[PDB]
Amino acid sequence: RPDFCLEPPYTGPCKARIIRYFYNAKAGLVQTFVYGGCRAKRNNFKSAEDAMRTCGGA
């Protein structure tokens with residue numbers, strides 16, 4: 001499982017309101033967060049299926 005899946009979600013500095021998904025390894029579920037638009041970290045997906053495919057693995 002990529003280690004970036006353990007990171008908290010990161011809004012970043014921009015001011016857009018974009019809903020993105022991240023994998024919550026504590027909750028063991030994909031959740032949503034508000035992404036401001038720039039400087040994304042790796043735990044940031046455009047759909048829940050992308051997050052689960054990437055972070056739900058072994």
Side-chain angles (χ1 to χ4, degrees):
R1 190 208 278 151
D3 302 324
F4 64 76
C5 296
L6 305 180
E7 346 163 300
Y10 176 66
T11 300
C14 298
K15 293 315 245 183
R17 283 88 83 53
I18 297 180
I19 293 191
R20 290 277 169 101
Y21 298 86
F22 71 104
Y23 182 76
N24 187 331
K26 312 85 104 324
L29 293 176
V30 165
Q31 302 175 163
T32 51
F33 74 107
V34 177
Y35 177 45
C38 67
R39 321 310 221 222
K41 280 196 175 178
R42 285 176 292 178
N43 198 6
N44 171 337
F45 308 87
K46 269 172 285 243
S47 66
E49 322 20 87
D50 282 342
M52 186 62 169
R53 195 180 81 253
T54 305
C55 294

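If you read the sequence from its start, that first residue is 1, and numbering goes on from there. Heavy-atom basis, side chains included; hydrogens, waters and symmetry copies ignored.
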Quick check: closest heavy atoms across [X] and [Y], and the distance to 0.1 Å?
X     : Y     : value
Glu7  : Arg42 : OE1-N, 3.7 Å
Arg1  : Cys55 : NE-O, 3.1 Å
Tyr21 : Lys46 : CE1-O, 3.6 Å
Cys5  : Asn43 : O-ND2, 3.5 Å
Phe4  : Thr54 : CZ-CG2, 3.7 Å
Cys14 : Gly36 : CB-O, 3.1 Å

Exercise. Rounded to the nearest 0.5 Å, how far apart are NZ of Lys26 and CG of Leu6?
Worked result: 11.5 Å
Exercise. Distance from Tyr10 atom OH to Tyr35 atom OH, nearest 0.5 Å?
Worked result: 9.0 Å
For this session: Take atom CZ of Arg39 as the centre, draw a 6.0 Å sphere, and report whether it contains more than 12 heavy atoms from other residues, nucleotides or ligands.
Result: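 Counting other residues, nucleotides and ligands, CZ of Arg39 stays at 12 neighbours or fewer.
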Exercise. When you measure from the side chain of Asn24 to the backbone N and O of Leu29, does any donor-acceptor pair fall under 3.5 Å?
Worked result: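 Not at all, since once roles are kept as given, no pair shorter than 3.5 Å links the two residues.
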Exercise. Between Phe45 and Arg53, is any pair of side-chain heavy atoms under 4.5 Å apart?
Worked result: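 Heavy-atom side-chain distance check fails, nothing below 4.5 Å.
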Problem set entry | Joint hydrophobic cluster, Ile18 plus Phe22, side-chain heavy atoms closer than 4.5 Å | yes
